[PDB]
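Structure 1 and structure 2 below are two forms of the same protein chain, each written out on its own as structure tokens.
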Structure 1
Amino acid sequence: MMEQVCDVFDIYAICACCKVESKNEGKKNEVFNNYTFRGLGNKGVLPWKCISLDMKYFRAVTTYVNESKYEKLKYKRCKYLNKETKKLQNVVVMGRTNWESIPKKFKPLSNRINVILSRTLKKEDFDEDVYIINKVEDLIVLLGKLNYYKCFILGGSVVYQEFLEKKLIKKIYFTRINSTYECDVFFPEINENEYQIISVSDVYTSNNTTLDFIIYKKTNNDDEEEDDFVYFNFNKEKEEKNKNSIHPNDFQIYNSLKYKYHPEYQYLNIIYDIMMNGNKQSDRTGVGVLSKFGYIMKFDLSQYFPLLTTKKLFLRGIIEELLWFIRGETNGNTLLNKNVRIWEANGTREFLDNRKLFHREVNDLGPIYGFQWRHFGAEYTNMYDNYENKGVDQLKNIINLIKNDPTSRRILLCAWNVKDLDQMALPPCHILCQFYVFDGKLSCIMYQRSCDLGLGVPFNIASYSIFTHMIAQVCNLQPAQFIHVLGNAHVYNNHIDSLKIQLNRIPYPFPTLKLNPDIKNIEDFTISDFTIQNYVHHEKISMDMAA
């Protein structure tokens, strides 16, 4: 309860950490944690040539002040010391090595009170307007004397260490750089009982890496139109709905976070919203769900590939599926021969016979995505027929309107062929997608009529994200937004335990997708023209706990 230094004098640490080159630590079964991000420097410079968005973030935090909050901080600080009574600046503190690695033309740091820690070096040795100190104790005395907003520790491996050892840091402002480099200095392992994440930013691309910004907080061990809001909330109900079956104690960490801006939260929050406010319902499968109806998610494919990080996911299978679609295939055996089993259960003798498809060969799935994308309208015979120049080739159509009529509002691909639903092994979930083109950029809306949140939505996001990059590249456009519209959104009763676990995981920065740039026609991609870079993830989860 009694006041600790770091509160009084508002001491904070700010770092940028990349991932560190290790050989023989097989990228095949790499385990990932908070400590994955820990690279501060190499040979006395930064690990990376120039990540300009961290530079800009860094200057923004370390130079920002609120004059109208200064009086409060002064009272709070004078009242601590049994005392009383140009522009306000922040103080910044750094070690000697750090300072010696910054070029003359940038020191002393503009618009900030610079302070060096150093046993050896001394003040007669500096031309510059800078404070020298030789014990952390001396910084306290100094902050006592100066007029300043906030104090920031800009590091040094060693400086971070001891300010963290002595609990002097009230918050860490940590940039996770999602890229690997050669490093010789490292950020201390953070004690998860002393510091815990309270905030996560949006994910960005700068200079060919993704990255985000998190905040650790130290763990405890007119003002009038505010009544007008209360008045409007007068119809604030009894309590919640699933406050009986689902406990908000089950999401301790999910809820501990103040700012949850990482876009993986457009998925996670929908999950939480169905758990807390789902409608309880039977379904075709019998298993049962909580459902709601009608959501939209948006992913900026210019900044990142939205491969969920709160559990593991592999893409081989869904790319093959995507290429099978494009090829116009309806033969289930093609996929089983590549050890992809996404459609295995929909093409068994027993399954087909439940659909009343008695005269259908095993693994002949009928007029499904592939067939509708390349031959909408044609009469389906069997999966081995030659269907060339039969039906409407929707796919070639929309590649031509994107290239030649980009302002068209009719660039749609539709799998929901009312006349063939009954002949499909089963009716398509991804009803359709619509394209939009502006300024050499392609965005894509995909409407999903039925959305298994636990297990299928994650893959589906990835699936139509990749498909958007493919279309954009064969049309000489850049991808912009994949937009995911969800109709019947539901969580299956057997996913609830895995999903309670998943929503208490904190996201990592997303990876990026690279396609072989040489592929100029939608029909010419192969599995090897696709690479996933910098996929950092939590543990695989078994969405169902029986198997």
Structure 2
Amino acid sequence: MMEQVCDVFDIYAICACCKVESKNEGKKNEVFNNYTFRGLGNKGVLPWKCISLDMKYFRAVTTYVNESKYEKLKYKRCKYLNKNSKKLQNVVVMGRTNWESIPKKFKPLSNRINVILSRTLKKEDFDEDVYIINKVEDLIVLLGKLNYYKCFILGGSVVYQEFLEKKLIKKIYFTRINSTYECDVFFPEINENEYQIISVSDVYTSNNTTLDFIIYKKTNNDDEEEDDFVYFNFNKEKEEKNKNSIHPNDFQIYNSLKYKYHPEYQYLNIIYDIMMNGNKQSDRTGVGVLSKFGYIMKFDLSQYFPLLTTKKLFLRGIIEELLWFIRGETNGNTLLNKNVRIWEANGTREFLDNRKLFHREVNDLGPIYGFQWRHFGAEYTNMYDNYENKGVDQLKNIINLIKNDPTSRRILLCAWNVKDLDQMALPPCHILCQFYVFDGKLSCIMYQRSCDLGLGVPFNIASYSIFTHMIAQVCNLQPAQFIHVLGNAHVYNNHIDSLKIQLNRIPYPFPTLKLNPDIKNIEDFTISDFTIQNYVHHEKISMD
């Protein structure tokens, strides 16, 4: 009898839930979880004007069918109940409210066996094509009498509630709309001991909101060229004589996902790869790390602002740092006065003395980033000197190149001034930036020589993504891709237990970055001109 119904009839639930107003009165730093995305409808209608990509997804999922995989299902179904047209299709089940609130022109849902659960609707003022039922159970009855591929519960709040308690759902195809709307109906909370996420899609932007697609699974608690593949792997490694010390059940949730297309995984996979295959090395700091050489990450800034969601991140500091760079400053006190302590440790008397910069004032970081961006080649004296019109103003030059010669292959910003390296508190981690322009769109590649995956990298990603936006806007372009090239990529051994916790967390749709549209010159941005919207994230983690 361990031959289940939702398994026999392949009943899935497909929905789309947005965020609901946190009720004017929630306590502290709003806490987030899967239940955050729960709004279904408001006043018999959808809570949002329209979201075409979900429509395209929904329609595509509920109508797709694989004929050469049906006999198997049909075989299973009769063998169980112990038992025409031929365009094999799907059963799309709805509630009255649901069916009613669907616009005229769309019913019956094209290429789908339309079914409707109402206690007052009658099959006569209807067709036959469109079936009608009495209660949950008169549905299973109608499927044993039909030829359908899969059955999808399109729903309504009630329809979802009844099908979940009645354990008649195999999978839930859940769309996460990352924006808020007022709603009077919600999707029942999903007990994580009952259902678990096995796949997360890529992140997209549709109708001025980001969204992604996840999949819930009911928890279980010519092949000559298929062989040729095995042959070509004759020399592979892992008899799992294992490697570093990292156990299986450590990344249980992480390894149990089938499809991990969320962009955040580009960052998580690198961490996993360093933990699993990294080389043990001693380091300038004496803590010990796991490192590898050469990784690439690509984020589509036209679809989302890649602020990591698997832990909390703050941006004031890094934005002030960026504005500090653009001004061409080298005075660490400017930042310290605004309580941005990113460079504090690099400006202490002791750190400077260790760099053999005995004649450098505390917090005078030398000819670093800012100085190189606006005065490459100028003679550095001290952080208070007047460097106006001295050296090569690279920033200004790249903006001009982007504006008057966008197909140039010399649009680069380089902070690595070989001649000045020793005079710097420390050489730049972010070596250079290259820009690319095509069809009104700007892409950027940043090469980083040293990457602290646990603490630094998340911030680096946000920093250059913001910077790409800034440059795009003051050049009348739309930002496209940000490409992060990592040279020496490492994970500090003291960050391992924290990163393990982070890898087993499932990303949320990304937030979006909004810049004051009025700013038209690279030098006119101020901290109030940046806004992060819809940042849904997991709780904070101290890496150490």
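If you superpose the two forms and keep the largest set of C-alpha atoms that fall within 1.5 Å, you have the rigid core. When a residue number appears, read it as a position in the sequence of structure 1, where counting begins at 1.
Visitor: Superposing on the core, which single option in 129, 138, 422, 344 has a CA shift of 2 Å or more between structures 1 and 2?
Guide: Correct option: 129.
Visitor: Does residue 439 move appreciably between structures 1 and 2, meaning a CA displacement of 2 Å or more on the superposed rigid core?
Guide: Residue 439 C-alpha, core-superposed: shift of less than 2 Å.
Visitor: Just checking, between structures 1 and 2 and with the core aligned, does residue 25 shift 2 Å or more at the CA?
Guide: Yes, its C-alpha moves 2 Å or more.
Visitor: With both forms fitted on the core, give yes or no for whether the Cα of residue 242 moves by 2 angstroms or more between structures 1 and 2.
Guide: Yes, because once the rigid core is superposed, the C-alpha of residue 242 moves 2 Å or more between structures 1 and 2.
Visitor: With the core fitted, just quote the Cα shift at residue 476 between structures 1 and 2, in angstrom to one decimal.
Guide: It moves 0.3 Å at the C-alpha.
Visitor: Let me know the CA shift of residue 103 between structures 1 and 2 in Å, rounded to one decimal, core fitted.
Guide: For residue 103, the alpha-carbon shift amounts to 2.2 Å.
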